[PDB]
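Form deposited in one PDB entry, single chain, as structure tokens, below.
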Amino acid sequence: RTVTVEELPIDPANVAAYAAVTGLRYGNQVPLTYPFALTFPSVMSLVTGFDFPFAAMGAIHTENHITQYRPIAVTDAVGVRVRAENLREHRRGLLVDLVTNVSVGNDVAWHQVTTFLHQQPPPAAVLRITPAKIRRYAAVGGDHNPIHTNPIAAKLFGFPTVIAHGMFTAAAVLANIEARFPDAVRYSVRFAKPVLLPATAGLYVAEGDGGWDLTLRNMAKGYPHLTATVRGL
């Protein structure tokens, strides 16, 4: 239950296209969330190879914790390690933790815990999220889970329309604030109601220190799509 890549190259053109579609800045270091996408093929090879029943197609992303110890340069080639751990019963199904460590040289730069489920007032910003943009996020980020792109498959897996990738939303909400993030930062997200597409969602931001609290809501109905914290280390 362990995957390794010794020297994964970074494609800057992909980093640019990731920043464009999520609304983040393309600079010399990759966005804080970008290594989710970079290591995604490595995570899915672990998930798809689970001995027991657990399907990547139609899987649900419930929670995500990123710890960045140091930025990763767009020119870096990276070491990747993934392990899967903490199978639990939930209610809606099987939960599992996928734990990824991304290294530059001998050092761990970026550390993530991803939790998946197999089913068994005026805002500080506004996000417009269309099916087209998410079709584009799926191409660029490489998560082709069809609940985000194929309506017929979304229905089959329980949703009335296609939904946004949780990690699209988790990237997009950092747009304004990311320029003030320190190099060492932790970002914790709890996904709630899926974002049904197309949608216009409002982001609420408080400065609960030394950092930020975030809540993304559906604008008509007001229910939460996610809550998150950003903190310096």
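So that there is no doubt, residue numbering starts at 1 and follows the sequence shown. Shifts are known only where both forms have a C-alpha. Here, rigid core means the biggest group of C-alpha atoms that superpose within 1.5 Å across both forms.
Enquirer: So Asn101 and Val102 are neighbours in the shown sequence, but is anything from the deposited sequence left out between them? Give the count as none, 1 to 3, 4 to 9, or 10 or more.
Expert: Gap size class: none, per the record.
Enquirer: Could you check which stretch, 102-110 or 89-97, carries the larger mean CA temperature factor in the entry?
Expert: 89-97 has the higher mean C-alpha B-factor.
Enquirer: Quick check: 137-145 versus 79-87, which has the larger average CA B-factor in the record?
Expert: It is 79-87 that shows the higher mean C-alpha B-factor.
Enquirer: Of the choices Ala184, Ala170, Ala55, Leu32, which one's C-alpha carries the largest B-factor in the record?
Expert: In this record, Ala55 carries the highest C-alpha B-factor of the candidates.
Enquirer: Among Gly166, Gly49, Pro198, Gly202, where is the Cα temperature factor highest, going by the PDB entry?
Expert: In the PDB entry, the greatest C-alpha B-factor among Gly166, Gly49, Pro198, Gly202 is found at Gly49.
Enquirer: Among the modelled residues of its chain, does the C-alpha B-factor of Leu233 lie in the lowest, middle or highest third?
Expert: Ranked within chain, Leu233 CA B lands in the highest tercile.
Enquirer: Taking the chain's C-alpha temperature factors as the reference, tell me which third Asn176 falls into: lowest, middle or highest.
Expert: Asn176: CA B-factor falls in the highest third of its chain.
Enquirer: Just say lowest, middle or highest third for the CA B-factor of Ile60 relative to the other modelled residues in its chain.
Expert: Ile60: CA B-factor falls in the highest third of its chain.
Enquirer: Mind checking which third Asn218 falls in for C-alpha B-factor across the chain?
Expert: Answer is highest: the recorded C-alpha B-factor places it there.
Enquirer: Report the third (lowest, middle or highest) to which the CA temperature factor of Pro12 belongs, ranking only the modelled residues of the same chain.
Expert: Middle third by C-alpha B-factor.
As for the form deposited in another entry, it is not shown, yet the points below apply to it.
Enquirer: With the core superposed, a Cα shift of 2 Å or more between the shown form and the other one singles out one residue among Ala184, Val205, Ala55, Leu196. Which one is it?
Expert: It is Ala55.
Enquirer: A 3 angstroms or greater change in CA distance between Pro53 and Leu226 is reported in the other form. Closer or farther than in this form?
Expert: Closer together, which means the C-alphas of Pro53 and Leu226 are at least 3 Å nearer in the other form.
Enquirer: Since the Cα-Cα distance for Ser42 and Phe50 shifts by 3 angstroms or more in the other form, is it a contraction (closer) or an expansion (farther)?
Expert: Closer together, by at least 3 Å.
Enquirer: Rigid core aligned, which consecutive-residue runs (three or more long, every Cα at least 2 Å shifted) show up between the shown form and the other one?
Expert: Only one moving run appears between the shown form and the other one, namely 47-55.
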